[PDB]
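Just one chain follows, in the form deposited in one PDB entry, and it is written as structure tokens.
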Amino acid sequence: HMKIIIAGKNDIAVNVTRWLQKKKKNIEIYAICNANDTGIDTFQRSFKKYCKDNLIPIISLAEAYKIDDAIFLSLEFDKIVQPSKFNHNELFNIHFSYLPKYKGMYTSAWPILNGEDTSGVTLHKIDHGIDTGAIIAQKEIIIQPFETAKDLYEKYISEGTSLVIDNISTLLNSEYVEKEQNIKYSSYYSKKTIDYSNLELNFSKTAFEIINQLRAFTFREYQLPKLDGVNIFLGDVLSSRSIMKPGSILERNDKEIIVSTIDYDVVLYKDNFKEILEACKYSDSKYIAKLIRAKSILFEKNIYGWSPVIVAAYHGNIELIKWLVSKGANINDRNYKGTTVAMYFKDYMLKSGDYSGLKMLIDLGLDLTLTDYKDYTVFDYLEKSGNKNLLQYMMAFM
């Protein structure tokens, strides 16, 4: 009967909480929610919803301050805590950097902006200061040259979650070891350091720096970078070097804009994600390939969570799914309610009366055992619509 307060948001809060509920069923869990948590699952899960849907008490921070014999774990919590208000000193935080670097804000952007090759997540003690307390455990993260800030945020969430899981016992049982943070290389960025109201690309900068600006500001659900009004989804560095002043527009067609920089010219790729989603209903890979400038655009998602592979499956675009998956697409990709490819494919099967592509999907690793966020399999769904015939067909592949 230990107690834990989980304060925070997003898949990290939700996933730590379920690990706790799966593996530590006699703990008392209390929750604090971020101010801007809407109760609606988005590109991240709502932690507030998860808690309402799993009878987890939501409390205030003032309540939390009073609870005794509780550990306090912050997972992307929106508040600077006052440690001395607590009874105890068992206050912890995952921070999304390799501390002591990159204390504070926008750790998905700054390391990219500054040109880093790596970052990390850090488990540490909460003291009065911002991401300043003693370090318990850390993990280095490689940032790939092609990765955006959104790509990086996902690795923080994913790696942060495992870091917590792999140490939380020691937090609960006071087995853990801490070490004050170094002086050397400590760095911090406040909220003023980037104005997300007033983004503008700075072209009086190197090709490296401009691509890094792009990468760092590519996070579609907040924004994409813009050039003369029009959204951009990555780019590349050309071998030419224009005599025109940095920022000068050398060329502009339907796919791309070419620009002078301090050094090498760059091409900026027009965001054509919407066009591509639309095209993934019926078009073959030959066609989709011609639209593809940055390869990673194939794994983007609209507001519903629809990726290309998802829209493909819904329309029964089997050969397109073969190619998407060959390019890296998740065969069991999910929307923002956890609806799998298989579930989308099921509606196709049912509308069309054609079940013959299921084998070939299965052969690509499609998993029918998966549950959406209300714990329903694709089978449960066939039961509730009364399509027992298809349910029995699909069962053959288990």
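Note that the rigid core is defined as the largest set of C-alphas that superpose within 1.5 Å between two forms. All residue numbers refer to positions in the sequence shown, first residue = 1.
Separately, the form deposited in another entry exists; it is not shown, and the next lines address it.
Q: Against the rigid core, is the Cα displacement of residue 370 between the shown form and the other one at least 2 Å?
A: Moves: yes, 2 Å or greater.
Q: With a threshold of 2 Å on the C-alpha, tell me if residue 26 counts as moved between the shown form and the other one once the core is superposed.
A: Shift of 2 Å or more: no.
Q: Align on the rigid core first; then say whether the Cα of residue 336 has moved by at least 2 Å between the shown form and the other one.
A: No: residue 336 shifts by under 2 Å between the shown form and the other one.
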